[PDB]
Amino acid sequence: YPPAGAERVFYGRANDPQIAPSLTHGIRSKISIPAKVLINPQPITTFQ
Amino acid sequence: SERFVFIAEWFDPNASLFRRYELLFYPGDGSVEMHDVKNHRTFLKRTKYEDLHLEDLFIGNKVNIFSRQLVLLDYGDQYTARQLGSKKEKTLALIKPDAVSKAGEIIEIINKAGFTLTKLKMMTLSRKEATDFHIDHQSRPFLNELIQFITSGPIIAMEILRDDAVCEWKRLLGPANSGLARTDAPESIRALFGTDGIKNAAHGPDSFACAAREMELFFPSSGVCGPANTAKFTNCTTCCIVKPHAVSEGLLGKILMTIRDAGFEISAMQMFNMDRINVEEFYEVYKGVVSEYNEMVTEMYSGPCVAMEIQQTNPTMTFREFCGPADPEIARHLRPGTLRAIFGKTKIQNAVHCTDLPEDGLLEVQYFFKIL
Amino acid sequence: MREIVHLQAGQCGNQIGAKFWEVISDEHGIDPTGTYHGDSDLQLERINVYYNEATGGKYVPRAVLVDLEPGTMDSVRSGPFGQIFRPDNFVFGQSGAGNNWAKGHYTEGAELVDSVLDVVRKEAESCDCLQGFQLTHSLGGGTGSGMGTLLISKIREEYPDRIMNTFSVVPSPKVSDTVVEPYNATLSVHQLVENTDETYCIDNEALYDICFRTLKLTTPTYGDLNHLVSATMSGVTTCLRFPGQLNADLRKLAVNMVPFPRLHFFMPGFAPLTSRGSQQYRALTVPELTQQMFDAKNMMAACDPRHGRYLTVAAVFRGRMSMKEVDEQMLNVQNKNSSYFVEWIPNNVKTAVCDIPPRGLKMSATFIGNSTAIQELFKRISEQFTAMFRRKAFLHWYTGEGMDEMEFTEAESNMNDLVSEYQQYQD
Amino acid sequence: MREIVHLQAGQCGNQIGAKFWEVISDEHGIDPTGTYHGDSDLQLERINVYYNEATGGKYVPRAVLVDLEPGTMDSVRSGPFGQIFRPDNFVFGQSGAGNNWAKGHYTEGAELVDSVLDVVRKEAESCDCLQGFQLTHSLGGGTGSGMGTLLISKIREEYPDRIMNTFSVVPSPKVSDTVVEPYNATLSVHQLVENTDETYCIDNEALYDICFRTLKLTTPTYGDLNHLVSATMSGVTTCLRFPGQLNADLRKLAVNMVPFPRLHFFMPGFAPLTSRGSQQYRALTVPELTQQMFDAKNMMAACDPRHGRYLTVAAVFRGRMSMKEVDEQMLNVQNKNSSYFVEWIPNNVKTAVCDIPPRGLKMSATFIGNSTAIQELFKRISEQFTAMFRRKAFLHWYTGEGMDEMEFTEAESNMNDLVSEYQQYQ
Amino acid sequence: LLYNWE
Amino acid sequence: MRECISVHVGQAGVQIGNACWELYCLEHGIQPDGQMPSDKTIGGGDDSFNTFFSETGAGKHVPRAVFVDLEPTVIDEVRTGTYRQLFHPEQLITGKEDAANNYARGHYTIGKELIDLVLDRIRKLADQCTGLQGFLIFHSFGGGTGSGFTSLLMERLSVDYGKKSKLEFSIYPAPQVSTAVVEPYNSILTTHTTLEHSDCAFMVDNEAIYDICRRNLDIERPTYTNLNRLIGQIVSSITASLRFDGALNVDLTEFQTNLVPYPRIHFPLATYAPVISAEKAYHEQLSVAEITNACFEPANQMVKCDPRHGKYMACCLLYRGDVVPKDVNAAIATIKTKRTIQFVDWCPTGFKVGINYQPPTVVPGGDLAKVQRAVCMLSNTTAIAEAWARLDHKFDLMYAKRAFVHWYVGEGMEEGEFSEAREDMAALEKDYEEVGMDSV
Ligand SMILES: Nc1nc2c(ncn2[C@@H]2O[C@H](COP(=O)(O)OP(=O)(O)OP(=O)(O)O)[C@@H](O)[C@H]2O)c(=O)[nH]1
Ligand SMILES: Nc1nc2c(ncn2[C@@H]2O[C@H](COP(=O)(O)OP(=O)(O)O)[C@@H](O)[C@H]2O)c(=O)[nH]1
Ligand SMILES: Nc1nc2c(ncn2[C@@H]2O[C@H](COP(=O)(O)OP(=O)(O)O)[C@@H](O)[C@H]2O)c(=O)[nH]1
């Protein structure tokens, strides 16, 4: 029966008594950080 | 999230007004941001910035952001006050007359313990300020040798800020008597270093309340403080060393070991300078000649300097050519024994800034602590 | 002496045109706090081009910061170099930038145009000789392509001799983030081909695809394209503030470039672009950049070269190179491509070699094309208008704000004069 | 240096002045045991205006408290403020006046003024330089209108130089509390115009409005309508008592306001009134105060100001302030509603600025104003009178105590010709 | 919450 | 400097309007009584809250909301609760009885008493605020209180204010289920008198949100704490480019020029992509080019209609969160190459995006997990045109012989508007048929 209260997500038999370390962290992958804007276009210089 | 905010203070050069801002730093993403508390509109918008560090987020330590120099004055927040100021406590130390020729390993032990060194300056105190150190001490033992060492031998006063500074200083120091410490035989600053028990050591306060009395005794407000602790000339007053940023890098102990090597003395250290005027006053010879002058005054703008008077000891190697060529890569081409190849960290802005012409060392030293 | 007056209108050019003031101020050596922060001495004695000075000898720029809404003037007062501008000639507004041409001109533009001309005058009447107007606009909305027209049609009545070179982003061939576009853009090309004397073009689509093929970037943000445009406009304005061996001002470019009065839209570029992994496996000569100038996949425009016989390619070199190597390799690329240069011009190309490299690379340059392939960007936006007009699809707002139906025929008829008067000299 | 002699009469007066003399105790930090326990030092500067000195640092007022019956000053001593009011300054009779004028003006309140005038002339010559006078008294009763108008009459006969002010409790025109109001209020305003310069008319029908719709109290007493009357009293002298940007005294608003000897019937007010429950949702700034005191529902007499044109309008301010923003607000209320002023005076508004706001406020102001729509405060009494003179309704009381009908007949020829001057200019 | 509730 | 004003009328709007201000107070730092925590200070530079909040003199932040209903039951539900300290106590205007499904009550008899006072609050806030940009009304088409009374509030701003666009949101009167009988009679009534005085009127169907809760979530039997918390997400992201700074920000005055082609096609949809609980998003990946395709799923729309029988006219893909603007044009051309998603031919581009630098957030206690990204797509489609074919069919079968008409005629109403309004929703259907009919 879905009545684990009026508003609740129906959890399966094995999924109910198991560990539940999933509500905390983030979900999506990332936005991948490439090389910077001006590192490729203009570097530093050195005379020696 | 979890930003840390501060109140900042910058001296406007054209219209000479002192200006108060509110800076914000965001640990974990590298962002900074700056509003104005004086006028509520936003002038500086949010930016990312890489050079600022959480160890540079300490009240008082003056850090450049976008070619502006500012000292963090207040705590504008209770959150960052609870997060940092409850833990960051100050402890007082003092290099006595015996420890000048053995300070490198002790300073390396302090840098391994991780205390941030705020002010470490040699001093020769006046009569009342000298007696105020010995006014508190009273017991059965005869302290004539220690009293003559304090009134005769030169000393240095230093401040170390750390998390539980008194506890970490006590755990690093250990037992009090030298023979008792050697009999206990643990690795300690009192067991390995120090002479004859109570004769000389690095000073350590008994309690957090008594640290105020000890600090007021050794280094009070600058009324009768004493500007000099070394001789103005010894017929070779020609070597000046200065460490603006490699003290923040932490290699001050190791470079003290390498200058203690090959039999070279060290005379006087101090840590007070204004970022521009004092340096300009003695970079004057350097003003017409040197190129990259902007960079060579910027990495003295960056931080305080443990700047040190030193004399010529042997004629077999000149101290200037021990200091090395003006470039670390040229030093690594020529010889690894050069101090730039060992320690130099910038292209021309070397780790130890010296003088080139041997005449002006006496005048620069007399400026640096006789005048200042 | 020699100078350029500046303005920054629209959202798109405000971010790019304020990304200009760091690529300038690091070459010349100014700190954000207005003090000189240069390494060399040579780049201080032509600072009177872009910059007016301030008491104490600190340095402020010639710029004008005006757009309809105060959202983006809080974005160009930003972190890098916001402190330098004059706070008096900052201009804001009240009413929305609702992309309508009467919001460009008739309703909101009327109240500012008294004030936002007196920001041109207060920086120009204190001068000696005016030479250029640099305005960073776009061609999409009533924000940037209703103010880009407004701030140049007023001026031509009083500053008529001089040259007005703007820099504008053209619509992309795939997807535009404005849906109301060619009511304004075709109504703004009625003045931009008339009043202006040179007017640039930039795709957004080609700006991304340099970053994947040659740069091999993973993630091109909108902070990258700013740099790629700001370097090109800061290389074509260098023989007017540097020593050099073959030097041309902005009015040399009036007589060099345009043969018939209404054909002046040029195609930017920048030669030595490369990745990180492939640097050690690339060599830098004058022949090895020259391929990358004439690379089909190094332009800012998506048009293929096969439709284009270039009229006047001008590659402004900048570095320490050889004047014969320039001249032999700006001709050896031309006999190899006979059918893609015009037969009614005997020398189709033009160089300019200078003396100061960019900060970072020992030698670079700047391609500037002038092609017969740019009819493909002409055939696009004139074709969007014809279906949307017969619906009167979005004309309810412009008629509600006050733009008549009989003028939208006329603007496309005169945009038809930018292919018809082009087609005579295509063949 | 410029003290204030205060007068009181009736039982209508002595509930009001008992509430007037506690906000002075609030603002000067006076505890109810005679000493001083305020934390400032500017509050102790001009303490002498209302607090004579004694031994032990005690500060006891310049107060006169009078009635013809002992039944009222028993309660004033039995209030919360018993030790402060002077025991020699409770002048008392034995028989109540009982809503009649000659019981206080000619017979029983007339034999007792020789003991009040002993108190005043001793006390008023103890001041180093008096500024003037003030009275809060009943026109409705038999003691304030009967006895107190003699004290306005006889003291002005002594010193003609000083300034007479009146916090008049004039009766309401709608609901009446006494059947001889068109005699005691009619006859009292026969002698006010030759004698008194400032006249503040106060109505309780006007004040039963304000403590319901503005302060939002469902159970109002007199003691919470007395405090707003006691607000505007210390809200007049805000600038003489304290430093500031532009000080003004009680000769400075009796010159800016009254262009004629007989057009001097003011109209009081108070600016910052908001509910007790919703005090912290408003922003107590400069536009909030001015938008209230220029309205009809913030007015302390029961006449609508919209039916006429103000000749002159005063003000006063308090608290740290930016004087240009008031100057923008005073021209707007002279430029917008230009039909609510007469056109034959150039400037109609005066302002004056203190420095320290009251204990618990930040911005305070008080509205004092001449207006020619105060005719409806007097024509209703003047039409009540002749509807009972013609039926001779109560004349046997008045004739049998030492009056005439020629002292009655001329007391509306004054009251008609008073309105027969105000009528032309509106 | 009758008349004059809050 | 970029403020907007909100009113909430009728129970179906004020109770969603409860749930609007849980979310707004949690985006910023305001503790729910209106005072800042003051353990943490904020710098003086930011002016973010001025879209929806007006801070007082001392330290309390005060919203822009006029919670009006002619019943006490739902206003005193809030006025005694845990949110009572937030509002102005003079904003909470109430009355004596409900309109009780009588447009002859909410517009003619009882609604005309407090209408001279409720405009005095919309006049008060807009006197103090200067840069006003629009209105955020919250009503429903169904009952006689949320639809009879909002049309009075709709036409008094058009005579007084005028040029400001007026962005109401509503609950659509459903195809399948309902909880009245005079709702087909009632929803035609608000169309005739508001259409000449409105510039935007959104809509949501409520039983699609029932079935989103069964598939994307795992909620069986959803209450109304749950549906009104999905309405709050959509409104807070339409209203996020005015209080936060992003890459591509749109003022509310472009929302009428670019989104209303013809002067009678201004009723678009809405959807929100990552409604995923914790037990699935811990298994899914959620990048940018795969939350955009989920926005076109028929299993993700907030209104039950058929997008596969609706030619899309003008999408506007508002994003939030940690997104980068190459990935959208990777995603958008991926969508426009697909064969099923049919667009409108004579509209050349038909796309718009918005990228911002603020993440989505979750009011605690709910189902939702921490999603890095959020898309709030406003789909102006053709698909809703056939949902007008049912409600006019729902009207006339009791109007074959005039059922429930004698209750309207008691409170000063004539029959004559009912016949005059039925061709007015027959004039509305003929223009949604011609736009999909191409020009050959
Ligand atoms: N979104 C939402 N809709 C609701 C809620 N409660 C009721 N409704 C809808 O509201 C519709 C009735 O519209 P209303 O006009 O608001 O009802 P009413 O006339 O205002 O009732 P009163 O407040 O007593 O006047 C019903 O068909 C429901 O579908 C709710 O909590 N949330
Ligand atoms: N370099 C840069 N370009 C941008 C940025 N934001 C938007 N753009 C460009 O601006 C265009 C928006 O169209 P635009 O003509 O500016 O609309 P308008 O502001 O109303 O005139 C987009 O297509 C982007 O290519 C930014 O932050 N940086
Ligand atoms: N608001 C207010 N009205 C008062 C107060 N005391 C008396 N009154 C009014 O004074 C009138 C009665 O005055 P009365 O006692 O006959 O005067 P007396 O006989 O001379 O003392 C009544 O109409 C009351 O309304 C007071 O403290 N506050």
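Cut-offs applied
Along each chain, residues carry numbers from 1 upward in sequence order, and these need not match the entry's numbering; residues missing coordinates do not appear. The order in which chains are written sets their letters, starting at A; the order in which ligands are written sets their numbers, starting at 1. Keep in mind that this is only part of a larger assembly, and the values describe that part, not the whole. Processing note: side-chain calculations cover all non-hydrogen atoms of the structure and skip hydrogens and water entirely. Residues with missing side-chain atoms are left out of burial classes, side-chain pairs and their counts. UniProt positions are given in the numbering used here, feature names are shortened, and annotations may be inferred rather than shown by experiment. Helical segments are the DSSP runs of H or I of at least four residues, strand segments are the runs of E of at least two, and each set is numbered from the N terminus. Radius of gyration: C-alpha atoms only; globule rule: 2.2 Å multiplied by the number of residues to the exponent 0.38. When accessible area is computed with a 1.4 Å probe and restricted to protein chains, residues below 20% of their type maximum are described as buried, those above 50% as exposed, and intermediate ones as partly exposed. Working rule for contacts: check all heavy atoms of both residues, and any pair within 4.5 Å makes them a contact. For the purpose of charge, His is not counted, nor are the chain termini; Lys and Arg are scored as positive and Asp and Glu as negative. Every charge is mapped onto a representative atom, which is NZ of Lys, CZ of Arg, CG of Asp or CD of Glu. Whether two strands pair comes down to DSSP finding at least two bridges between them. When residues are grouped by polarity, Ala, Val, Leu, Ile, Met, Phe, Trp, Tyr, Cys and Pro land in nonpolar, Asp, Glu, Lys and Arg in charged, and all others, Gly among them, in polar. Ring pairs shown here join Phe, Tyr and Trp side chains whose ring centres sit within 6.5 Å, with only the six-membered ring taken for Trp; geometry is labelled stacked below 30 degrees between planes, edge-to-face above 60, and tilted in between. Charge-over-ring placement is defined geometrically: NZ (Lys) or CZ (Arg) within 6 Å of the ring centre, and within 35 degrees of the ring normal. Within 3.5 Å is the distance limit for a polar contact, defined as a pair of N or O atoms, with the added protein rule that one can donate a hydrogen and the other accept it, and that residues adjacent in sequence qualify only through two side-chain atoms. Whenever a helix is involved, its axis is fitted only over the stretch in contact; in every case the axis is a line through C-alpha atoms, and angles between N-to-C directions fall within 0 to 180 degrees. Oblique is the label for any angle not under 35 degrees, not over 145, and not in the 65 to 115 range, which are roughly parallel, roughly antiparallel and roughly perpendicular in turn.

- Per the PDB record, this model was obtained through cryo-EM at a reported resolution of 3.4 Å.

- By the naming in the PDB entry, chain F goes by Tubulin alpha-1D chain and is assigned to Bos taurus.
- This structure appears in the PDB under the title "Structure of the 48-nm repeat doublet microtubule from bovine tracheal cilia".
- UniProt annotates chain F under Catalytic activity with the comment "GTP + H2O = GDP + phosphate + H(+)".
- Under the Cofactor heading, UniProt states for chain F: "Mg(2+)".

- For chain A, the name recorded in the PDB entry is EF-hand domain family member B, with Bos taurus as its organism.

### Digging into the overall build of chain F
Consideration 1: A count of helical and extended segments in chain F gives 15 helices and 12 strands.
Consideration 2: Relative to the globule expectation of 22 Å for 440 residues, the C-alpha radius of gyration of chain F, 22 Å, shows essentially globular dimensions.
Consideration 3: Referenced to the eigenvectors of the C-alpha coordinate spread, the extents of chain F come out at roughly 65 × 60 × 45 Å.
Consideration 4: Taken over 440 residues, chain F has a buried fraction of 60%.
Consideration 5: Sequence-distant contacts, at least 24 apart, represent 83% of the contacts inside chain F between residues at least 6 apart.
Consideration 6: A distance of 3 Å separates the average location of the 40 positive side-chain charges in chain F from that of its 57 negative side-chain charges.

### Overview of the UniProt feature "binding site: Mg(2+)" in chain F
Consideration 1: Using the residue numbers shown here, the UniProt feature "binding site: Mg(2+)" corresponds to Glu71 of chain F.
Consideration 2: The contacts of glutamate 71 of chain F, once residues within four sequence positions are left out, are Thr94, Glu97 and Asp98 of chain F.

### Regarding the pairing of strand β9 (residues 155–163) of chain B
On a regular strand, one side chain projects to one face of the sheet and the next to the other, so that they alternate.
Residue and element names in this part refer to chain B.
Consideration 1: Here strand β7 (residues 88–95) runs beside β9; their pairing, made up of eight bridges, is antiparallel. Along β9, the bridge assignment pairs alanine 93 with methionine 158.
Consideration 2: For strand β8 (residues 116–123) and β9, the ladder comprises seven bridges, and the chain directions are antiparallel. For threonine 116, the partnering residue across the bridge sits in β9 and is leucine 161.

### Things to note about the interface of chain F and chain C
Consideration 1: The interface is formed by 27 residues belonging to chain F together with 31 residues belonging to chain C.
Consideration 2: Elements supplying a minimum of two residues to the side of chain F that touches chain C: α9 (254–257) and α11 (327–336) of chain F.
Consideration 3: Tallying contributions element by element places α9 of chain F first for the side of chain F that touches chain C, with three residues.
Consideration 4: Counted by class, the side of chain F that touches chain C contains 14 nonpolar, eight polar and five charged residues.

### Concerning the packing of aromatic side chains
Consideration 1: When the ring of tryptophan 101 of chain C is compared with that of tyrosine 106 of chain C, the centres are 6.1 Å apart and the planes differ by 50 degrees; the resulting orientation is tilted.
Consideration 2: Pairing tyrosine 399 of chain F with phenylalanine 418 of chain F gives two aromatic rings, centres 6.0 Å apart and planes at 85 degrees, and the pair type is edge-to-face. One end of the pair, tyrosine 399 of chain F, is in the loop between α12 (388–396) and α13 (405–408); the other, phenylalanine 418 of chain F, is in helix α14 (residues 416–422), and 19 residues separate them in sequence.
Consideration 3: Among the aromatic residues, those joined into a ring-pair cluster are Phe20, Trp21, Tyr50, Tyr51, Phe85 and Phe90 of chain C.
Consideration 4: Seen from the ring of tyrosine 79 of chain B, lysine 40 of chain F lies directly overhead, with NZ or CZ sitting 4.8 Å from the centre.

### A closer look at the UniProt feature "active site" in chain F
Consideration 1: Under the UniProt annotation, the feature "active site" is placed at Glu254 of chain F.
Consideration 2: Residue position: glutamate 254 of chain F is located in helix α9.
Consideration 3: If near-sequence neighbours (up to four positions away) are discounted, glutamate 254 of chain F is found in contact with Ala97, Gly98 and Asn99 of chain C together with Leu259 of chain F.
Consideration 4: In terms of polar contacts, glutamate 254 of chain F uses its side chain to reach the backbone amide nitrogen of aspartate 251 of chain F, at 3.0 Å.

### What to know about the environment of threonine 214 of chain C
All names here are of chain C.
Consideration 1: In this fold, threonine 214 is placed in the loop between α8 (205–213) and α9 (222–233).
Consideration 2: When the C-alpha positions of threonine 214 and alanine 314 are compared, they lie 23 Å apart, and in sequence the two are 100 residues distant.
Consideration 3: Apart from the residues within four sequence positions on either side, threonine 214 is in contact with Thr274, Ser275 and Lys297.
Consideration 4: A distance of 2.9 Å separates the side chain of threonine 214 from the backbone oxygen of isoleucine 210, its partner in a polar contact.

### So, the packing of α8 of chain C against α9 of chain C
Each pair of packed helices can be summarised by the angle the axes make with each other and by the distance between the axes.
All names here are of chain C.
Consideration 1: Contact geometry of α8 with α9 gives a least axis separation of 10 Å together with a crossing angle of 100 degrees. In this view, α8 runs roughly perpendicular relative to α9, as classed from their interaxial angle. Mapping the contact onto sequence places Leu207, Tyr208 and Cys211 in α8 and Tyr222, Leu225, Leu228 and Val229 in α9.
Consideration 2: Split by residue class, the contact of α8 with α9 holds seven nonpolar, no polar and no charged.

### Quick notes on the environment of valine 5 of chain C
Residue and element names in this part refer to chain C.
Consideration 1: Note on placement: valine 5 falls in strand β1 (residues 4–7).
Consideration 2: In this structure, the C-alpha to C-alpha distance between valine 5 and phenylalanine 92, residues 87 residues apart in sequence, is 19 Å.
Consideration 3: The residues contacting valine 5, other than those within four sequence positions of it, are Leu130, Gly132, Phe133 and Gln134.

### Regarding the sheet that holds strand β4 (residues 65–68) of chain F
Residues and elements named next belong to chain F.
Consideration 1: With parallel pairing, the three strands of this open sheet are ordered in space as β4-β1-β5. Each edge of the sheet is formed by a strand with only one pairing partner; in this case those strands are β4 and β5 (132–138). Here the strands of the sheet are splayed against their neighbours by 15 degrees on average, with no regard to which way each runs.

### A word on the sheet that holds β7 of chain B
Residue and element names in this part refer to chain B.
Consideration 1: Strand order across the open sheet formed by three strands is β7-β9-β8, with antiparallel pairing between neighbours. Among the strands making up the open sheet, the edge pair consists of β7 and β8. Strand-to-strand twist of the sheet, defined as the mean angle between neighbouring strand axes without regard to direction, takes the value 15 degrees.

### Re the side chain of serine 168 of chain C
Residue and element names in this part refer to chain C.
Consideration 1: By the secondary structure assignment, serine 168 is in strand β7 (residues 163–169).
Consideration 2: Separated by 3.2 Å, the side chain of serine 168 and the backbone oxygen of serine 138 make a polar contact.
Consideration 3: Those residues within four positions of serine 168 in sequence are excluded, and the remaining contacts are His137, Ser138, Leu139, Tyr200, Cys201 and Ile202.

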